[PDB]
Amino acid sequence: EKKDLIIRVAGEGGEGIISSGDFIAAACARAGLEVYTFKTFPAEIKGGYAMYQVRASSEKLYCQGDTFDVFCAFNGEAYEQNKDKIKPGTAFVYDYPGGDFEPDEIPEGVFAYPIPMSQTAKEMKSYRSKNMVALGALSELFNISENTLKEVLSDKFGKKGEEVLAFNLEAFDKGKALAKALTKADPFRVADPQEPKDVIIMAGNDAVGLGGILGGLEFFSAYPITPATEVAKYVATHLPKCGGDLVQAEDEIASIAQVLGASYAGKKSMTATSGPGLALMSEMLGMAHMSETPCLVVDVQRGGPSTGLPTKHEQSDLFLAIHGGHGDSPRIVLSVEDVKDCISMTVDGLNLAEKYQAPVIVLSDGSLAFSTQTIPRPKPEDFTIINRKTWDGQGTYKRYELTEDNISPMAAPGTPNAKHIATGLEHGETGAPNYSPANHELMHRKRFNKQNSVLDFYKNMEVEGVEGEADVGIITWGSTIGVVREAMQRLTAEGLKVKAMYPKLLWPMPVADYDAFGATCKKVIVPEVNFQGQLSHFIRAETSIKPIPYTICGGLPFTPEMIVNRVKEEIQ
């Protein structure tokens, strides 16, 4: 039984394409439904074709889905951009008559629903209310709660006066009436309303900023870069409320430099960037490793290489995150799946930087950055918070004291009797420069054993599927995890012998857990969106698995059917 509905709305940005999608998402959440959205702004700032896709369901949602069930075109350009996906079985709502285009032969089997959105909006002497007419029609045709939709519109337009709101509700009613006059022949309906859940709706980048704040963030420095700037925007607004400071630095080098200085001063500090910025930070992340100074970098991955494809989907910064430092210079690397992770794994990221006095990189991506989801409302008291090991004041303080757990107690400036230097030169226990062979061997083992002990403490590699032997195991990372989750639902509903594993700690990697998983699968497929198969590379280098890479690199995420089809090709 189909529990979800995927509605794509597209047209001229500025006619309310995005705002319409956000209204539907909020209305469905207020009606007790789960929501997953995605959008593309116009390619140029001045405007042009925009797209919003909202998926709503009575059950949990983990990705955008294969393709839309319903498409709503505000103009001809939107129809042309999506014509190839208007296939038999889909429902097609479009601005007609009185729009700017005559639709070609609507394919047989397509449920077509012309709605005169532009003409109705013009007869009311308010062309900008066109999206309200569309919303009314979509609500009527596909059972988007009229009650919560008008609640959402009331919250937005009530502050503008009783006339403005009653006008937009009137345009909504006109669209509802236009749709009611058509005969509904398609099988698509949004799930019936339920009791509203204790949820919020958040975008990926906002959720990263909130996770930092909830993790005890005190200092943030960043430089704007697509698709990461909304993290700094959120932090700039809300961190000062909690007693913290955001600074916009002059570039990414200055930003990570300020993070290290604030961290040395004793404050939990982080930055956010994308691929180009992470590459500029490579030298300073070496200093963080060598001096054992906590820091957190969130890399919202975008299309590369070089300037690349800033607005497209790609997870191709794994090589740089792990191997981007000169010398033997390891980082702790995490990667998020969904909006929930953007909160809790940014908390994880700060906690692990504190606990292991090391640079941590959290890999997100540009689709998740702008996707919104219903997620359970975060409760601040439910997050475990870890603070850097601090000196108890007993004995003599040595910044790099050799301990059993390889973690040297820290001391913020101002601590009596703990004056010390943090340094990027190789050094002995007191931080004095030391170039002797035995010390370099000894301190490499200290810092490597320290960071590698994350494996004994942080486990985040969920396994699902059949319990026994599997014909195919699937390993993936990043937001591709969510796509494989939906594919696994379909594969196990077909009775296929499949299992899946979802590493979210990417480096150091839990080799034994990899080997235990692979030993139970006849074959292991690794789907990821990068050209070289970057996770597969590390699986080959570090485990006894030789995976079958399934790589794509066209600026788009995987869809569930692609995973399903690839898996079935490997089952005999």
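So that there is no doubt, residue numbering starts at 1 and follows the sequence shown.
Note on 123-131 vs 306-314: mean CA B-factor is higher in 123-131.
Of the two segments, 476-484 and 186-194, the one listed with the higher mean B-factor is 186-194 (C-alpha atoms only).
In this structure the maximum Cα B-factor among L165, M461, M270, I253 is found at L165. As recorded in the PDB entry, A181 shows the highest C-alpha B-factor of the residues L280, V339, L214, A181. Among the modelled residues of the chain, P413 sits in the middle third by CA temperature factor in this PDB entry. When the modelled residues of the chain are ordered by C-alpha B-factor, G14 sits in the highest third. Among the modelled residues of its chain, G533 has a C-alpha B-factor that falls in the lowest third, as given in the PDB entry. When the modelled residues of the chain are ordered by their C-alpha B factor, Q81 lands in the highest third.
The PDB entry assigns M509 a C-alpha temperature factor belonging to the middle third of its chain's modelled residues.
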